[PDB]
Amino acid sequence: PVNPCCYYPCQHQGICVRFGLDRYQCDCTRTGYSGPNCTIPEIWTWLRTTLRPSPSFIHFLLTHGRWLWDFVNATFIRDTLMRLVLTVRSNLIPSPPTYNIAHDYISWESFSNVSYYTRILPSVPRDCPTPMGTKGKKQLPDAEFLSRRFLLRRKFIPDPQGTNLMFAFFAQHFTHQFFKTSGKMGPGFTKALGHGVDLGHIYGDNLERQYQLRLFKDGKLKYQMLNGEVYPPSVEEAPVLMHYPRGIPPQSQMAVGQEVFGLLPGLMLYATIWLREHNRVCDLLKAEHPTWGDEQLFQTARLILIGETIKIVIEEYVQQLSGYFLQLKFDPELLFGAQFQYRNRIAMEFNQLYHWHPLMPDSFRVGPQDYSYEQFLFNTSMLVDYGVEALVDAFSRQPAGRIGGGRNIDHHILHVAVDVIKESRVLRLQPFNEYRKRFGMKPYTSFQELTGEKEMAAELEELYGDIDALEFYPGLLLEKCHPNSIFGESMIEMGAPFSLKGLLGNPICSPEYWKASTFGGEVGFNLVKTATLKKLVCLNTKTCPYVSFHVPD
């Protein structure tokens, strides 16, 4: 007897539950609807859903009124929107968290075992007809094929939005503090507990590793002068795990906090920048608090980075991405009047979704030189040869690639893409259209509609046989982008919620923590309140190069 929940009869976030041998029931509790499948709108929901404009429309206003916006920007109407932006977006992420790779239901285990990534939608029942549930073919497209055929870059397509490489890496770096899938435990698990912006990719993810990195003096971190400039320490001083290739594990084999940060200069660059910051903070703190110990100078300075980070990530990172005229803003107080849980738990869908590998170029331009992946990957001196000033200047100038539209992932890393598709299936993530709903959108009625064109569209149907069958990662990357956008609708509408629920759900953002005493002094609080990419750099370098999340000119 077919598992009814295989059809996903419940609507609007109604919980599907098997009763007896062949029946089911939806728990439409607090879903705003009632009825067998949560299909009958309560008096207000009805009002709500009739007056609610399309997401497509909002993205429009947000990206057009270049006069009305400068006005809105200069007035309170700004925080109003920001506050609105937040609350509404974050309301879509269950918290306390729901299910994981092991439980398609609420459980104490799911709640407390920080190891499991968490999922938004349950998984595709292990007993459903098709791999996606009801519709599709008894076999999903060969992921190796799908990759090359639709995600493989032909000619490099740059981000119309002007994004650069200085951004591309910051992105990669930044995301690796919460995305750390444990190979040992397998997909659906993570080493990066904490699940947020704890910078456990600087201070490592365990107390020891931290201690191995901590110079237990002046709250500072270990480091080593090369060329007269500051850099991270090598394992010989910072005796901690890494993944540098078997070759020269002594010198140039720097310790950082994120195991894999030796594998690319980009990551290491930032690693250096932050470390040089932390210690910089300590120098400031210690002058304000001579009577202070080490443990303090450390923890306090930490929080000052968990702040600075959350600030730049919002008023600069997401700003660029958005393409909004509305000037996003980070002010924890905007939620002090709302019902918000200051707690996060990274999800698998969020993980998948953030696989923006196509941002990567073809080669890497550094002034006149032009390193190829071979010269770049695992290189180990570019950083010290060239220098932060110079390297940053070089990334802040080379365009990054459009993330959506399809076919723009360089071939070298195209393997990642395939794995995600393979992993997803292991994870048993519901179909693209299913996630469209859960994130307040309408399911696409055809590939022709999904993709703005007709070619891929037609061929994809030939493959999945039914648009519903379509999968998560592929749909996201193969969806048509908003005009001149770095990517399409589904990315923003599924990303921002995960993205903000996580940014603001950081304890330091709570009323309890958001005090100038938590950053010991007013000086600390300001560093947080006035952080900038331009300052995260030029305040830790000899000279001030060009740095931004977008190309100049």
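Each residue number is its position in the shown sequence, starting from 1.
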Report task. Between 290 to 298 and 245 to 253, name whichever shows the higher mean Cα B factor according to the PDB entry. Result -> 245 to 253
Query raised in the report: Of 513 to 521 and 48 to 56, which one has the bigger average CA B-factor?
Result: 48 to 56
Report summary line: Listed options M348, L140, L285, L460: highest C-alpha B factor recorded at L460
Query raised in the report: Between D466, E471, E333, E277, where does the Cα B-factor run highest in the record?
Result: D466
**Report entry** Assigned third (lowest, middle, highest) for the C-alpha B factor of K501
**Finding:** middle
**Report entry** Cα B factor band for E144 (lowest, middle or highest third within the chain)
**Finding:** highest
Query raised in the report: Ranked by Cα temperature factor within the chain, is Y435 in the lowest third, the middle third or the highest third?
Result: highest
Query raised in the report: Should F178 be placed in the lowest, middle or highest third of its chain by the C-alpha B factor in the entry?
Result: middle
Query - Chain thirds of CA B-factor: placement of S123 - result: highest
